[PDB]
Amino acid sequence: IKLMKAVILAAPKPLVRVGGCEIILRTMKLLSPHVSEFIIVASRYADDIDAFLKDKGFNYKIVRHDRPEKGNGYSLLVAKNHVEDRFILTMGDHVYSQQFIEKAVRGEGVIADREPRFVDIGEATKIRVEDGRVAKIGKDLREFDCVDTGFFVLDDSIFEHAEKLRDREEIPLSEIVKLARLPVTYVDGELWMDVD
Amino acid sequence: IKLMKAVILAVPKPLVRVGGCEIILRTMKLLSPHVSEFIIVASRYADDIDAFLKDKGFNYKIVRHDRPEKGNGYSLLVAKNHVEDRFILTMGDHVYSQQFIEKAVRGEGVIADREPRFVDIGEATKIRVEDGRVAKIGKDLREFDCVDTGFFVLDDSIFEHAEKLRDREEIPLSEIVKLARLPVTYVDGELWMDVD
């Protein structure tokens, strides 16, 4: 894909080694041929991540905040002034395959899986899709078409919707996505998994 | 396969949720149609595992020890009197796919991968195979044919070799395997990963 900025939410999860490599390192190594600069939104673990990433050959910036209780939606809002136009948004929770990354990188909006092969469908964030856009989202949906991977390809248009929730004690990414009525891109049955 | 006993060597690593399901739970659910009784060799986290597993519908037994510094090879030796003839041996720190389990259960000796698709080959326990048996093993091998999946199909004779290391401060499983000159069974390119 055309080079773009990669926002990785890390507001310890990213440093957990899966298959002899960390949840963040894996993602960064995979995204590197598609990414200019890595914007890591971190908080309580910002120093640990920075110390880890210094000796690694990536072009990164740690963007720090003090409100982890505000949720990942606030962590997205924190990045507003470090990105312009199109950018990748992913999590430091999640583990991805090259095959998943390769397809998701080419996507638009929410990268959703309608064939979750590895993850438990009951515990996953589900999405109800209407006219190719997010109609409903959440871990306890009754009617759903797909499952939320921790992957998105967003534009500046997001921050307008994310602003409308600034005055809420907790800002879930899902609520922004819902308000934004984000287009959905399907990357089906590829290897991906969250760690908790 | 013909029903047999399954030894699982065990925030505790087996209680870490990968894809919305705990490592031990994933492995237990998958092995359940091939398994009579489950034998969890645990130590510092024995109580946590037991409390987790009580409400789950499996036939399990917690076998406790006080020497975690002695290594996983000692954890195997601890299980000697809870198994007879053929039995499955796996780690509670490894995640497996159904496709991997299905092939591995039909296996004999060490279940090895000569096509590691989702693990870092540099950090993995490597094996050098001579005449279908383990010639060399270890994380820093120069010459190697495959990689150790933390999955084995053993008989009683393993403990005869495991006994020869009783008087060592540390007993690595790999050294027993080396001593035993274990046959190797290949399950290539299937999804499996260690969680550190």
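With the condition kept exactly as written, say whether any residue in the stretch A:116-127 is more than 14 Å from chain B (Cβ to nearest Cβ) and out of contact with any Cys (no Cβ under 9 Å at 6 or more places or on another chain). Please lay out each step first, then the result.
Filtering the stretch A:116-127 for residues more than 14 Å from chain B (Cβ to nearest Cβ) gives A:127.
The next check asks that each one be out of contact with any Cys (no Cβ under 9 Å at 6 or more places or on another chain); those that pass are none.
Taking every residue of the stretch A:116-127 in turn, none turns out to be more than 14 Å from chain B (Cβ to nearest Cβ) and out of contact with any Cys (no Cβ under 9 Å at 6 or more places or on another chain).
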What residue, among those in the stretch A:122-134 that are assigned to a strand (DSSP E or B) and more than 17 Å from the chain's Cα centre (by Cα), is surrounded by the most Cβ atoms within 10 Å (Cβ to Cβ)? A:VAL129
Out of everything in the stretch A:85-121 that is farther than 20 Å from A:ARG64 by Cβ and among the acidic types (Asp, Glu), what residue ends up being surrounded by the most Cβ atoms within 10 Å (Cβ to Cβ)? A:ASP113
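Check the stretch A:70-84 and report whether any residue there is hydrophobic (A, V, I, L, M, F, W, C) and closer than 30 Å to B:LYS29 by Cβ. Steps first, please.
Kept after step one, since they are hydrophobic (A, V, I, L, M, F, W, C), are these residues of the stretch A:70-84: A:76-79, A:83.
If we keep only those that are closer than 30 Å to B:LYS29 by Cβ too, we end up with none.
No, the stretch A:70-84 has no match at all.
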How many residues does the stretch B:154-169 hold that are out of contact with any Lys or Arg (no Cβ under 6 Å at 6 or more places or on another chain) and surrounded by fewer than 22 Cβ atoms within 10 Å (Cβ to Cβ)? 11
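Tell me, please, whether a residue that is under 30 Å from A:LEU25 (Cβ atoms), away from every other protein chain (no Cβ under 14 Å), in contact with a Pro (Cβ under 9 Å, 6 or more places away or on another chain) and hydroxyl-bearing (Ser, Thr, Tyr) can be found in the stretch B:89-103.
Keep residues of the stretch B:89-103 that are under 30 Å from A:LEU25 (Cβ atoms), which gives B:90-101, B:103.
Now restrict to residues that are away from every other protein chain (no Cβ under 14 Å): B:90, B:92, B:103.
Still in the running and in contact with a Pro (Cβ under 9 Å, 6 or more places away or on another chain): B:92.
When the remaining residues are screened for being hydroxyl-bearing (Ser, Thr, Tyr), the result is none.
No, the stretch B:89-103 contains no residue that is under 30 Å from A:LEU25 (Cβ atoms), away from every other protein chain (no Cβ under 14 Å), in contact with a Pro (Cβ under 9 Å, 6 or more places away or on another chain) and hydroxyl-bearing (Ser, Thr, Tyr).
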Restricted to the stretch B:166-182 and to residues being over 15 Å from the mean Cα position of the chain (by Cα) and not basic (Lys, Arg), the residue nearest to B:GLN98 (Cα to Cα) is B:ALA180
Just to verify a result, which residue in the stretch A:7-31, among those that are more than 10 Å from chain B (Cβ to nearest Cβ) and not in a helix (DSSP H, G or I), is nearest to A:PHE87 (Cα to Cα)? A:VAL7
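If you go through the stretch A:182-194, how many residues are within 14 Å of chain B (Cβ to nearest Cβ) and either of a type in the set (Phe, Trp, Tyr) or touching an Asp or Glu at 6+ places or on another chain (Cβ under 6 Å) (or both)?
The initial filter retains those residues of the stretch A:182-194 that are within 14 Å of chain B (Cβ to nearest Cβ), namely A:189-194.
Still in the list and also either of a type in the set (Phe, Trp, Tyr) or touching an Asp or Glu at 6+ places or on another chain (Cβ under 6 Å) (or both): A:189, A:192, A:194.
Selection size over the stretch A:182-194: 3.
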Would you mind telling me which numbered condition in (1) within 13 Å of the chain's Cα centre (by Cα); (2) under 19 Å from A:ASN72 (Cα atoms) A:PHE159 fails? (1)
A:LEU179 versus (1) over 22 Å from A:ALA6 (Cα atoms); (2) away from chain B (no Cβ under 14 Å); (3) not in a helix (DSSP H, G or I): which is the lone unmet condition? (3)
Report, ordered by the first and then the second residue, all pairs with beta carbons closer than 8 Å, sequence separation of six or more or different chains, a first member in the stretch A:39-56 that is assigned to a helix (DSSP H, G or I), and a second member that is surrounded by fewer than 16 Cβ atoms within 10 Å (Cβ to Cβ) and of a type in the set (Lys, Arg). A:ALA46/A:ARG64
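A quick note on method: Cβ atoms are made from the backbone with ideal geometry, for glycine too, and the neighbour counts reach across all protein chains shown. Readers should treat all values here as calculations from the given coordinates under stated rules, not as data from a laboratory.
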